[PDB]
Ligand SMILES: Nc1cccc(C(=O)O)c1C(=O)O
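Take a look at this single chain, the form solved without the ligand, given in structure tokens.
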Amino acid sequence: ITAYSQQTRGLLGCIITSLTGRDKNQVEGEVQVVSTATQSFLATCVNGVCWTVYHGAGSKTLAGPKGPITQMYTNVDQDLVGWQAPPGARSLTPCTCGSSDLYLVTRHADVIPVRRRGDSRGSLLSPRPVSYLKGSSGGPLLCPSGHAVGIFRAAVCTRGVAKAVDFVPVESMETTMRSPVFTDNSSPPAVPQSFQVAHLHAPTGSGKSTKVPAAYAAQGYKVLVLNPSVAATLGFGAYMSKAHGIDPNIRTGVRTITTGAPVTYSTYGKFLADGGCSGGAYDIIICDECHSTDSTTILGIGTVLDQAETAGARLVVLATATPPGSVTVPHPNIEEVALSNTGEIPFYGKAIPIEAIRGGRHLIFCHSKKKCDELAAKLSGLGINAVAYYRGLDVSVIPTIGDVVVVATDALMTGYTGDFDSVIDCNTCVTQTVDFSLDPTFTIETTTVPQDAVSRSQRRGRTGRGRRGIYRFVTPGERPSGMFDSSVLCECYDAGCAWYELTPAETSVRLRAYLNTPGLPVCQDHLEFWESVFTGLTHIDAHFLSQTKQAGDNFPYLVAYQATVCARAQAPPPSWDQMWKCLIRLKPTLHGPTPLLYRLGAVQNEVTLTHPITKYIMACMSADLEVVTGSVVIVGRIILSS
């Protein structure tokens, strides 16, 4: 086997073709070079199906001869998507009597020898920089006779150097082919004789956590409904009294009510604080909004999946309206209008006409609190009754009745339950991302990114609830849904340690149950890595943890812990911004460089790497770390010949 590449499109063609969805050029080759606006990667045809990775393609259509081809297969768990190959497209054929000598074809048309080590793994005969494999996701692993064994999806790394590859095996594709593309998940399942995890995909208004738990209780079962929102959990208790004549148990941090009833509503956080499942307590457990990828929900759901069976439950329902891989569809009640540039109010490069928001109750989503304060002011500058809401502020600042423009972050989503006449959406969110930067250890960085379909649908769903609404937007873009960053795993161990008195080992068991359960949001498996680093964080200063807990910023454990190390070396923190405010009083005694454990923000002080905890975390970085490497458009091909 040998290979070379042929480019068939340039920038301009690729953008035009991506907008229209019409690709006229004939699909030749078996390995295609594909591209979205943000990324380029590979697609491989097998058994008449053009396959690639979910983390590159998302749920996007493939531009084709008669216009956009919508995906025939999507499996977020296998990181696999497929489109029916356009008429007259070659296919590699599956490899059955497989060799251990495989060849990986990259986007540079290189043919890299790989030695197979298991269903999904292969060692590179000669290790290479991970940068060299990027853009080759979705290309084939070939057995010696040129038949397909799988498609490449991730490199396995030691300190930035790829030594092994992870792939989606051909058999998994055949399983996905023989799976039903359409499955009915809209009705509540019947309670089985032995334990089952089941999925409920249904709009908000189906009664996922009002009607369906009502109905279960009527058949004699005890039901626990978990929700990420306090305001929503509290609110179910009133509604269920009015609407179904059940006064349920309510468990939040701010407020608990035990009536002895057969239905309990809890936060995930309060469920965690109470130590998880009581044996005997519940028959069914409904995990509502299980699309939610915040650390408390993930840890919470992970706890239910580890413990439920053994505490006597027979049914776990994983419930959401926006499951992984779902796409934003029209809402009959909601008119959608792109923002233009003619308007009095500037808003993320577009404009809001004052007429759109003068009078009425309206919600404008902003990515940051700084922008909420900004817009809430510029709107009082024009005589609108505006109010900012974000983490920290009390929800009471939002008037329950009367005109208002609420300028809010996603904190709104758990603080406040009401709806609005309209929603205006900046279409972006602030996210955290881990870089394995080895300078000295890892970095957690905050970025602004394009929203995904879950965020778009949750934001838009603040209007149109049983009455007509308007959704105005800055951009129609929408990144793939149902994935989250390894930094969310870090947060889970952080919270396990800071709040729920979980050991890292204990936290691993729960997260492992989450990862290994299909049909939930997905993430790189880095449990060992993160467990290993929290295990060495011993003897934290109780007093520092206390302040970082109460200040309520992110990574209270890792921050407090760095504080601890700095304070025991009478040394300053990475910097004097608010992150390290738990240390302001000790300032005048603190001198020299910072013994840096990791980077959670800008580091303005000089640093030393000689602290034994820094050396422990640096040793932790030698772990195997699996990293990944408008219509989708074919921009070239890789022609295959030994």
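Residue positions are given as counts along the sequence shown, with the first one as 1.
The form deposited with the ligand bound exists for this protein as well; it is not shown, and the discussion that follows is about that form.
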Three or more ligand atoms within 2.4 Å of the backbone or C-beta would mean blocked. So with the ligand superimposed as it binds in the deposited complex, which is it here, open or blocked? blocked
With the partner left out here, check for me: in the deposited complex, does some heavy atom of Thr158 sit within 4.5 Å of the ligand? no
Do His362 and the ligand come within 4.5 Å of each other in the deposited complex, heavy atoms counted? no
Using heavy atoms and a 4.5 Å limit, would one call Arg90 a contact residue for the ligand in the deposited complex? no
Just to confirm, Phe534 within 4.5 Å of the ligand in the deposited complex by heavy atoms? no
Would you mind picking out the stretch of 277 to 285, 336 to 344, 205 to 213, 303 to 311 that comes within 4.5 angstroms of the ligand in the deposited complex, counting non-hydrogen atoms? 205 to 213
From the list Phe420, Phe529, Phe236, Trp83, which entry has a heavy atom within 4.5 Å of the ligand in the deposited complex? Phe236
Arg465, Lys378, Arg512, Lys163: which sits within 4.5 Å of the ligand in the deposited complex by any heavy atom? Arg465
